[PDB]
Amino acid sequence: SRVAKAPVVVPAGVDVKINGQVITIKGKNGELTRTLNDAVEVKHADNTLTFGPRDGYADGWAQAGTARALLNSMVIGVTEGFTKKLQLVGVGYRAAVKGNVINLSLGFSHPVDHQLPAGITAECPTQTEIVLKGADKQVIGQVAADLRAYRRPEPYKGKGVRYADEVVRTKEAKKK
Amino acid sequence: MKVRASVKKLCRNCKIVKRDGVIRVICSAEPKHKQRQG
Amino acid sequence: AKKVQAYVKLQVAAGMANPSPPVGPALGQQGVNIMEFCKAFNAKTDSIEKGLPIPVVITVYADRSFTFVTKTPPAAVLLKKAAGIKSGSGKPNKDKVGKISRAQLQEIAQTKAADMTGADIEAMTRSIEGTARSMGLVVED
Amino acid sequence: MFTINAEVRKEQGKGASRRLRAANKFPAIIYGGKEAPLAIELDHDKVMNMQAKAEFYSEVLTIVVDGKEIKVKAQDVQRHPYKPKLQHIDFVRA
Amino acid sequence: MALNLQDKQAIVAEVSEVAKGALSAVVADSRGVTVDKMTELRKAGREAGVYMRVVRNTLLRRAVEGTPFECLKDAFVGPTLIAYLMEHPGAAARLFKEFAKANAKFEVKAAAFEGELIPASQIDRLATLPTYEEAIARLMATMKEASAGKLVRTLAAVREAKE
RNA sequence: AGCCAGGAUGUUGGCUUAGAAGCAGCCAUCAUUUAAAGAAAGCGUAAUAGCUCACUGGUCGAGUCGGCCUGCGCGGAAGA
């Protein structure tokens, strides 16, 4: 239903290596990328990718919508690639990136070097911001969550590693 | 959070999802509305 | 106009400008002096009379003092000088207190010329039609 | 609008009666006039709809036996002790 | 609200401002503020009034489909977000300016003035209307004929031709 | 359902009000501006607030909302 129904359209580029039940997309950037499916029969045909269920599967659609979804972010994956961005709040917090391993400093009694995964790179436009692009939505999302983890944002002064798409509650102390 | 025999959505931004065999309540506004088991 | 930059409205009476006991250190603190809020106020306040409410905006920038531009007063306070009793609410609609009709407060709905979102000169009469009912004052209209 | 059909009950006793409401049907009787009373079974979910409209007790009613129309009035209705469902309805050929 | 009984309402009722319509303007207001109603409604104070309405009814299917009162070429005239405006009393001048000299000052898009009824055409604003009751525009309009239009050239040979 | 916009003006409503200008408060909830905006939902004021809700417009375009009668399951559910 819906998201599933809705076609995916393979932009001018990406090859679409639909091999039986293993789909692979490669283009602009992004070292290919390919995932597996299950109760959804996908069809290339013309200039798009259609997603539907399969007889005898109550998962149908449900498994198909996530299908669309994934592939749809796989196209754009290699296409425009995927964004990111995080910003360190708090005096003494600093990012670095001196390779593909980010070196963070968060008020601990030690540095915190963090090695980037496979197809993911990052830059520190500022001593307190981190932008890491990649074609795999599922991994940038992670690497982000992971970096942040080292020092989430505490609800008092707000210090810590936040995104930008945050909200940061923040409240007052117990009165006197 | 708070584990009660009856979960119930209190707030308007309080959600109710079933992660695993467990019904829980995810209230985005107030953490105090975070609940498990039910 | 734009939206919001800096402005409020706290006062008791024009009979006594820049009150000392009332608001006190609560009459402007972001570019507002307390010994100057009586040199730009009474500059035109003493041009009509003293003893009626006078709220106003407070255009603030970052150049020492400030600048304001007030306008028509509330038609609720005019019930202590142009209507009846000294007070107002207190005894709401539990027993017919004072009583104002079609005649009274008539021209009090004529003082706010430019300040009346009631285009229809006639319809703009329905607006103040309540600035004398916040305490129960049946109209003999 | 009140028009409901049924079938001449082939049985009786609380037996058939409990088998009726069991299969989403229910007993009903039609008496009055110089005509001898008649046993009927109506489809519950249908008539449960009509009994809702406050009009079901005023504007005369009409029955259909093997397609023969009778028309009567909702004389007496037995409801269920604790659930919104019918038990049995009396009908008079008036 | 209400279905057809209410839908038909917003139609004819306001579509009367189309059959017997003075002027006509179609302006979208993406990102409109309250000043939007503190302007066309404010200028209604000491220079207008309840003689103007911009009832955002671009329901198209309601606004457009709801104009059997001859307004052809409009099967196109009713795109996306809209906020039609019409007049009953007064002339058919000014009005265009309330928009032309407002929306030109940011105040959200102005549908680039897609033009409306009266002559019944397309897009490309005019202004040969607001010049009305500004009769003095018909006064100097003679450019003194003999005078000015002369003292501007026939006597420009001295302050611009003696070399 | 998202997403895009607005939600004021009479009004700072007067009031037991130290100061309350919708919201610890009292009694009241009426009338314009409009497509819609309640003296009104919440966060929270030294107090205005900043900033978001009912409700209306736009985008998208086929279904969507919740009760009733029934069948089978989930949590509740810790011990030597």
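Residues numbered from 1 in each chain as written, not as in the entry; some residues may be left out. Chains lettered and ligands numbered in written order. Part of a larger assembly, values for the part shown. Heavy atoms only, no water.

X-ray crystallography is the method the PDB entry states for this structure, with the resolution given as 3.1 Å.

The name recorded for chain C in the PDB entry is 50S ribosomal protein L11, from Escherichia coli. The PDB lists this entry under the title "The Structural Basis for Inhibition of Ribosomal Translocation by Viomycin".

A. Summary view of a positive patch on the surface. Residues and elements named next belong to chain E. Together, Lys43, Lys97, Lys101 and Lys105 make up a positively charged patch on the protein surface. Note on placement: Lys105 falls in the loop between α2 (96-100) and α3 (136-139). For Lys105, a relative accessible area of 57% translates into the label exposed. (Patch = residues over 30% accessible without salt bridge, like charges linked within 9 Å, V, L, I, M, F, W, Y side chains within 5 Å. Areas by Shrake-Rupley, 256 points an atom, 1.4 Å probe, with all protein chains shown as cover. Salt bridge = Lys/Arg side-chain N within 4 Å of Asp/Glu carboxyl O. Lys, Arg positive; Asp, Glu negative; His and termini not counted. Charge placed at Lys NZ, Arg CZ, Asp CG, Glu CD. Helix = DSSP H or I, 4+ residues; strand = E, 2+ residues; numbered from the N terminus. Buried < 20%, exposed > 50% of the residue type's maximum accessible area, 1.4 Å probe, protein only.)

B. Fine view of the environment of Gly90(E). Mapped onto the elements, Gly90(E) comes out in the loop between β3 (84-87) and α2. Separated by 28 residues in sequence, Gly90(E) and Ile118(E) place their C-alpha atoms 15 Å apart.

C. View of the pairing of β3(E). All names here are of chain E. Burial along β3 is two-sided: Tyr84 and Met86 and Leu85 and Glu87, pointing in opposite directions, are all buried. Strand direction decides the pairing type here: strand β1 (residues 25-26) and β3, joined by two bridges, are antiparallel. Residue pairing for β3: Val26 is matched across the bridge by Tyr84. Taken together, the two bridges between strand β2 (residues 52-53) and β3 define a ladder with antiparallel strand orientation. Note on β3: the bridge partner recorded for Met52 is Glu87. (Pairing = 2+ DSSP bridges.)

D. A look at the protein's contact with RNA strand F. Around RNA strand F lies a shell of 49 residues, among which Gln11(C), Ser89(C), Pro92(C), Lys37(E) and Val55(E) are the nearest. The sugar-phosphate share of atoms of RNA strand F within 4 Å of the protein amounts to 75%. The side chain of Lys3(C) places a nitrogen or oxygen atom 3.4 Å from a phosphate oxygen of RNA strand F. Contact between RNA strand F and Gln11(C): a base oxygen at 2.5 Å from a side-chain N or O atom of the residue. A per-class count over the surface near RNA strand F returns 18 nonpolar, 15 polar and 16 charged. (Near = heavy atom within 4 Å. Polar contact = N/O pair within 3.5 Å; in protein donor to acceptor, adjacent residues only side chain to side chain. Nonpolar A, V, L, I, M, F, W, Y, C, P; charged D, E, K, R; others polar.)

E. Geometry of helix α1 (residues 13-20) of chain D. Residues and elements named next belong to chain D. Listing the buried residues of α1 in full gives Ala16, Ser17 and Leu20. Relative to the axis of α1, the buried residues are bounded by an arc of 105° and lie together on one face. Exposed and facing more than 90 degrees away from the buried side of α1 are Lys14 and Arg18. (Arc of directions from axis to C-beta.)

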